[PDB]
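Trainee: So here's coords.txt, just compact mmCIF, C-alpha atoms and all ligand atoms:
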```
# COMPACT_ATOMS: atom_id res chain seq x y z
CA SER I 1 92.50 72.07 100.57
CA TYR I 2 93.54 74.27 97.58
CA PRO I 3 96.89 76.10 97.26
CA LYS I 4 97.71 79.50 98.71
CA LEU I 5 97.38 82.18 96.01
CA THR I 6 100.00 84.76 95.18
CA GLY I 7 99.81 88.09 93.36
CA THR I 8 100.80 91.74 93.41
CA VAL I 9 100.04 93.51 96.68
CA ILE I 10 97.55 96.39 96.20
CA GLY I 11 95.80 98.75 98.61
CA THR I 12 96.11 101.86 100.74
CA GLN I 13 99.55 103.50 100.47
CA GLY I 14 101.54 104.62 103.51
CA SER I 15 101.41 103.81 107.22
CA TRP I 16 100.51 105.25 110.58
CA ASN I 17 102.96 107.98 111.61
CA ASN I 18 105.15 106.86 108.68
CA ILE I 19 106.54 104.10 110.94
CA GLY I 20 106.55 101.65 108.03
CA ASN I 21 103.77 99.17 108.90
CA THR I 22 102.45 99.24 105.31
CA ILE I 23 100.05 96.76 103.64
CA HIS I 24 103.05 94.54 102.89
CA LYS I 25 103.17 93.52 106.56
CA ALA I 26 99.97 91.50 106.00
CA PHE I 27 101.69 89.22 103.49
CA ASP I 28 105.01 88.49 105.17
CA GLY I 29 104.12 85.25 107.02
CA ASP I 30 104.75 86.81 110.46
CA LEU I 31 101.69 87.01 112.75
CA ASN I 32 103.61 89.56 114.86
CA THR I 33 103.82 92.19 112.10
CA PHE I 34 100.73 94.12 111.01
CA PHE I 35 99.37 96.76 108.63
CA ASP I 36 98.76 100.02 110.50
CA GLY I 37 97.18 102.41 107.96
CA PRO I 38 97.76 106.17 107.77
CA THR I 39 94.08 107.02 108.45
CA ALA I 40 91.39 105.63 110.76
CA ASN I 41 88.95 104.97 107.92
CA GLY I 42 89.09 103.80 104.31
CA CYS I 43 92.06 101.43 104.56
CA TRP I 44 92.16 98.32 102.42
CA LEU I 45 94.62 95.78 101.02
CA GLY I 46 94.59 92.79 98.75
CA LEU I 47 95.98 91.17 95.62
CA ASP I 48 95.93 91.60 91.86
CA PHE I 49 96.53 88.07 90.53
CA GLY I 50 97.61 89.62 87.19
CA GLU I 51 96.20 90.44 83.74
CA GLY I 52 94.38 87.40 82.39
CA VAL I 53 94.56 85.52 85.69
CA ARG I 54 91.34 84.68 87.52
CA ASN I 55 91.08 82.48 90.59
CA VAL I 56 88.12 80.90 92.23
CA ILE I 57 88.46 81.56 95.99
CA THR I 58 87.72 78.59 98.26
CA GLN I 59 89.16 79.78 101.57
CA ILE I 60 90.37 82.98 103.27
CA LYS I 61 92.62 83.04 106.35
CA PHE I 62 93.37 86.06 108.50
CA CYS I 63 95.05 87.02 111.75
CA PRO I 64 94.17 90.25 113.62
CA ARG I 65 96.75 92.67 114.99
CA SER I 66 97.59 91.47 118.50
CA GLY I 67 95.80 93.66 121.08
CA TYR I 68 93.60 95.28 118.38
CA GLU I 69 91.39 92.32 117.38
CA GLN I 70 88.20 94.39 117.75
CA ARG I 71 89.39 96.50 114.80
CA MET I 72 88.54 93.64 112.40
CA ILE I 73 84.90 93.30 113.39
CA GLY I 74 82.69 94.38 110.48
CA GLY I 75 85.60 94.09 107.98
CA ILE I 76 84.66 92.35 104.72
CA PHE I 77 86.52 90.42 102.02
CA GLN I 78 85.62 91.02 98.38
CA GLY I 79 86.38 89.54 94.99
CA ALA I 80 86.28 91.63 91.81
CA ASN I 81 87.40 91.91 88.20
CA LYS I 82 87.80 95.68 88.29
CA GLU I 83 90.62 97.31 90.28
CA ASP I 84 88.18 99.89 91.66
CA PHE I 85 85.98 97.08 93.01
CA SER I 86 82.80 98.59 91.49
CA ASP I 87 81.77 95.05 90.39
CA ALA I 88 82.72 93.49 93.76
CA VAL I 89 80.91 90.74 95.63
CA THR I 90 81.35 90.15 99.38
CA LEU I 91 82.96 86.75 100.04
CA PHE I 92 82.86 86.91 103.84
CA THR I 93 81.95 89.35 106.61
CA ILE I 94 83.71 89.29 109.98
CA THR I 95 81.01 89.27 112.65
CA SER I 96 82.79 87.96 115.73
CA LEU I 97 86.06 88.80 117.46
CA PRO I 98 88.91 86.92 115.68
CA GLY I 99 91.19 84.90 117.95
CA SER I 100 94.57 86.44 118.73
CA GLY I 101 97.87 85.12 117.32
CA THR I 102 96.44 82.62 114.87
CA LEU I 103 94.90 82.33 111.40
CA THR I 104 91.13 82.12 111.38
CA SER I 105 90.04 80.13 108.35
CA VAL I 106 86.75 80.67 106.55
CA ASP I 107 85.25 78.79 103.62
CA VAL I 108 84.13 80.68 100.51
CA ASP I 109 81.35 79.31 98.29
CA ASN I 110 81.36 81.43 95.16
CA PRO I 111 82.18 79.92 91.78
CA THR I 112 83.21 83.24 90.17
CA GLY I 113 86.79 83.67 88.95
CA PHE I 114 88.38 86.91 90.25
CA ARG I 115 91.44 88.85 89.19
CA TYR I 116 91.33 90.99 92.38
CA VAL I 117 90.59 90.28 96.04
CA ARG I 118 90.78 92.51 99.12
CA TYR I 119 90.06 93.07 102.75
CA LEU I 120 88.02 96.28 103.29
CA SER I 121 88.42 97.48 106.88
CA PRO I 122 85.69 99.11 109.06
CA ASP I 123 85.76 102.68 110.35
CA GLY I 124 88.12 103.29 113.27
CA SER I 125 90.39 100.35 112.39
CA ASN I 126 93.39 101.92 110.58
CA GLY I 127 93.02 98.74 108.48
CA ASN I 128 94.62 96.74 111.30
CA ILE I 129 95.35 93.15 110.31
CA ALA I 130 98.47 91.00 110.86
CA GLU I 131 98.23 88.44 108.06
CA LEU I 132 95.95 87.86 105.09
CA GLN I 133 95.83 84.75 102.87
CA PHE I 134 93.64 83.60 99.98
CA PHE I 135 93.29 80.01 98.75
CA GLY I 136 91.74 78.63 95.63
CA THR I 137 92.19 77.49 92.07
CA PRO I 138 92.45 78.94 88.51
CA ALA I 139 88.98 79.47 87.09
CA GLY I 140 87.95 76.87 84.48
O1 LIG I 201 94.79 106.05 115.92
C1 LIG I 201 95.47 104.96 115.27
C2 LIG I 201 96.50 104.40 116.24
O2 LIG I 201 95.82 103.75 117.33
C3 LIG I 201 96.73 103.35 118.36
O3 LIG I 201 95.99 102.87 119.48
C4 LIG I 201 95.26 103.68 120.25
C5 LIG I 201 93.80 103.38 120.53
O4 LIG I 201 93.72 102.19 120.95
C6 LIG I 201 92.42 101.61 120.75
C7 LIG I 201 92.45 100.10 121.00
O5 LIG I 201 93.17 99.87 122.20
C8 LIG I 201 93.27 98.55 122.70
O6 LIG I 201 94.29 98.44 123.53
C9 LIG I 201 95.66 98.76 123.55
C10 LIG I 201 95.93 100.12 124.20
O7 LIG I 201 95.18 101.15 123.59
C11 LIG I 201 97.43 100.42 124.12
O8 LIG I 201 97.72 101.65 124.75
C12 LIG I 201 98.24 99.28 124.75
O9 LIG I 201 99.63 99.51 124.59
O10 LIG I 201 97.87 98.04 124.15
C13 LIG I 201 96.49 97.71 124.31
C14 LIG I 201 96.20 96.29 123.83
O11 LIG I 201 97.18 95.39 124.32
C15 LIG I 201 91.90 97.89 122.65
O12 LIG I 201 92.01 96.54 123.06
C16 LIG I 201 91.19 97.99 121.31
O13 LIG I 201 89.92 97.32 121.31
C17 LIG I 201 91.05 99.46 120.97
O14 LIG I 201 90.39 99.63 119.71
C18 LIG I 201 89.21 100.06 119.57
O15 LIG I 201 88.22 99.21 120.15
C19 LIG I 201 86.90 99.75 120.18
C20 LIG I 201 85.99 98.80 120.97
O16 LIG I 201 86.54 98.49 122.24
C21 LIG I 201 86.45 99.98 118.73
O17 LIG I 201 85.16 100.57 118.67
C22 LIG I 201 87.43 100.90 117.98
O18 LIG I 201 87.08 100.98 116.61
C23 LIG I 201 88.87 100.40 118.11
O19 LIG I 201 89.78 101.36 117.60
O20 LIG I 201 93.24 104.32 121.36
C24 LIG I 201 93.79 104.29 122.67
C25 LIG I 201 95.26 104.66 122.59
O21 LIG I 201 95.84 104.48 123.86
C26 LIG I 201 96.02 103.79 121.58
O22 LIG I 201 97.30 104.31 121.34
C27 LIG I 201 97.65 102.25 117.85
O23 LIG I 201 98.56 101.85 118.88
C28 LIG I 201 98.40 102.83 116.65
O24 LIG I 201 99.25 101.80 116.14
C29 LIG I 201 97.43 103.38 115.58
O25 LIG I 201 96.64 102.30 115.01
CA CA I 202 102.37 89.97 109.16
```
Can the structure from this file be put into structure tokens for me?

Mentor:
Amino acid sequence: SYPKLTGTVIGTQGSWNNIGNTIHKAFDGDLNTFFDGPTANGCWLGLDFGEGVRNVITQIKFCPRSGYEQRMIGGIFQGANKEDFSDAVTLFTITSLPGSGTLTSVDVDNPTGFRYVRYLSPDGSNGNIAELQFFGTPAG
């Protein structure tokens, strides 16, 4: 069990109908609040750990938006060292319906240190996710 990682929130700007459910809702510790993106497709969110910081990721936890759990199926989590994710590797792919109102935990087995991590949502999802957490350790 490694510590929860912190960083600068990055990702799709804005929110559905300008209501205010931005990417920041996925990092607030409340499983009742969620990111609702401004478009059906293309939405993503994640962390920049900072210039010169690289973490090895050992675990990811996520909670779907209540009532919209199907919108996570096919979503993937990536690590990268470029902010445009052109060097990204997939750390986990969501293949079954995540349980409602809880954090699903998945192990990651990849020794690479990453400056950036993200959740990349599937078409038709508006990026819907309630909470997103990364765990791991500074790269040696
Ligand atoms: O367009 C973005 C916009 O979507 C808004 O939701 C609309 C959308 O809902 C689809 C979604 O509905 C679930 O159920 C909702 C119901 O639609 C609501 O009216 C009601 O109040 O709550 C229930 C749940 O308690 C389904 O359970 C979801 O699975 C479903 O999502 C889709 O699932 C299919 C597979 O079944 C998948 O292929 C799609 O990709 C996925 O989208 O459409 C119906 C409208 O009534 C909804 O308004 C959403 O509320 C809003 O925040 C914004 O995200
Ligand atoms: Ca939340």

Trainee: With distances taken over only C-alpha atoms, which residue among I:75, I:99, I:11, I:140 lies nearest residue I:31?

Mentor: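 Answer, going by the shortest atom-to-atom distance: I:99.
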
Trainee: Atom CA of residue I:79 and atom CA of residue I:39 are how many Å apart?

Mentor: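 Taking atom CA of residue I:79 and atom CA of residue I:39, their separation equals 23.4 Å.
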
Trainee: Tell me which residues come within 8 Å of (99.1, 87.8, 114.0), as a ChimeraX atom specification, counting only C-alpha atoms in the file's coordinates.

Mentor: /I:30-34,63-66,100-103,129-131

Trainee: Just how far from atom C13 of ligand LIG 201 (chain I) is atom CA of residue I:44, in Å to one decimal?

Mentor: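 Pair atom CA of residue I:44 / atom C13 of ligand LIG 201 (chain I) returns 22.3 Å.
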
Trainee: I'd like the neighbourhood of stretch 112-122 of chain I as a list in words, where a residue qualifies if any of its atoms comes within 6 Å (using all atoms listed in the file), though same-chain residues fewer than 3 positions away should be ignored.

Mentor: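 That gives residues 43, 44, 45, 46, 47, 48, 49, 53, 54, 55, 56, 74, 75, 76, 77, 78, 79, 80, 81, 125, 127 and 139 of chain I.
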
Trainee: Output C-alpha atoms for every residue in that selection, as a PDB file, keeping the file's coordinate frame.

Mentor:
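Contents of again.pdb, freshly written:
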```
ATOM      1  CA  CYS I  43      92.060 101.430 104.560  1.00  0.00           C
ATOM      2  CA  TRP I  44      92.160  98.320 102.420  1.00  0.00           C
ATOM      3  CA  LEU I  45      94.620  95.780 101.020  1.00  0.00           C
ATOM      4  CA  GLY I  46      94.590  92.790  98.750  1.00  0.00           C
ATOM      5  CA  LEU I  47      95.980  91.170  95.620  1.00  0.00           C
ATOM      6  CA  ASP I  48      95.930  91.600  91.860  1.00  0.00           C
ATOM      7  CA  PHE I  49      96.530  88.070  90.530  1.00  0.00           C
ATOM      8  CA  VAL I  53      94.560  85.520  85.690  1.00  0.00           C
ATOM      9  CA  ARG I  54      91.340  84.680  87.520  1.00  0.00           C
ATOM     10  CA  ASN I  55      91.080  82.480  90.590  1.00  0.00           C
ATOM     11  CA  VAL I  56      88.120  80.900  92.230  1.00  0.00           C
ATOM     12  CA  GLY I  74      82.690  94.380 110.480  1.00  0.00           C
ATOM     13  CA  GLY I  75      85.600  94.090 107.980  1.00  0.00           C
ATOM     14  CA  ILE I  76      84.660  92.350 104.720  1.00  0.00           C
ATOM     15  CA  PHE I  77      86.520  90.420 102.020  1.00  0.00           C
ATOM     16  CA  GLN I  78      85.620  91.020  98.380  1.00  0.00           C
ATOM     17  CA  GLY I  79      86.380  89.540  94.990  1.00  0.00           C
ATOM     18  CA  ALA I  80      86.280  91.630  91.810  1.00  0.00           C
ATOM     19  CA  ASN I  81      87.400  91.910  88.200  1.00  0.00           C
ATOM     20  CA  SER I 125      90.390 100.350 112.390  1.00  0.00           C
ATOM     21  CA  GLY I 127      93.020  98.740 108.480  1.00  0.00           C
ATOM     22  CA  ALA I 139      88.980  79.470  87.090  1.00  0.00           C
TER      23      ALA I 139
END
```

Trainee: I'd like the contact shell of residue I:98 - 8 Å cut-off, only C-alpha atoms, skipping same-chain residues fewer than 3 positions apart - returned as a VMD selection string.

Mentor: chain I and resid 63 to 64 69 to 70 72 to 73 104

Trainee: One decimal, Å: what's the distance from atom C22 of ligand LIG 201 (chain I) over to atom CA of residue I:40, could you say?

Mentor: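 Atom-to-atom, atom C22 of ligand LIG 201 (chain I) to atom CA of residue I:40, that is 9.5 Å.
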
Trainee: Using only C-alpha atoms and all ligand atoms, can you tell me which of I:138, I:7, I:124, I:14 comes closest to ligand LIG 201 (chain I)?

Mentor: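 For ligand LIG 201 (chain I), the nearest of the candidates is I:124.
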
Trainee: If we count all atoms listed in the file, what is near residue I:18 at a cut-off of 10 Å, once residues fewer than 2 positions away on the same chain are taken out, given as a list in words?

Mentor: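 Contacts, in chain order: residues 14, 15, 16, 20, 21, 22, 36, 37 and 38 of chain I.
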
Trainee: Residues as selected, C-alpha atoms, written as an mmCIF file, in the frame of the given file, can you do that?

Mentor:
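Done, and the output landed in result12.cif:
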```cif
data_model
loop_
_atom_site.group_PDB
_atom_site.id
_atom_site.type_symbol
_atom_site.label_atom_id
_atom_site.label_comp_id
_atom_site.auth_asym_id
_atom_site.auth_seq_id
_atom_site.Cartn_x
_atom_site.Cartn_y
_atom_site.Cartn_z
ATOM 1 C CA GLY I 14 101.540 104.620 103.510
ATOM 2 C CA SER I 15 101.410 103.810 107.220
ATOM 3 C CA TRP I 16 100.510 105.250 110.580
ATOM 4 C CA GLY I 20 106.550 101.650 108.030
ATOM 5 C CA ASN I 21 103.770 99.170 108.900
ATOM 6 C CA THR I 22 102.450 99.240 105.310
ATOM 7 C CA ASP I 36 98.760 100.020 110.500
ATOM 8 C CA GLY I 37 97.180 102.410 107.960
ATOM 9 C CA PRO I 38 97.760 106.170 107.770
#
```

Trainee: Pick from I:61, I:51, I:19, I:10: nearest to residue I:133, with only C-alpha atoms counted?

Mentor: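 Smallest distance to residue I:133 is found for I:61.
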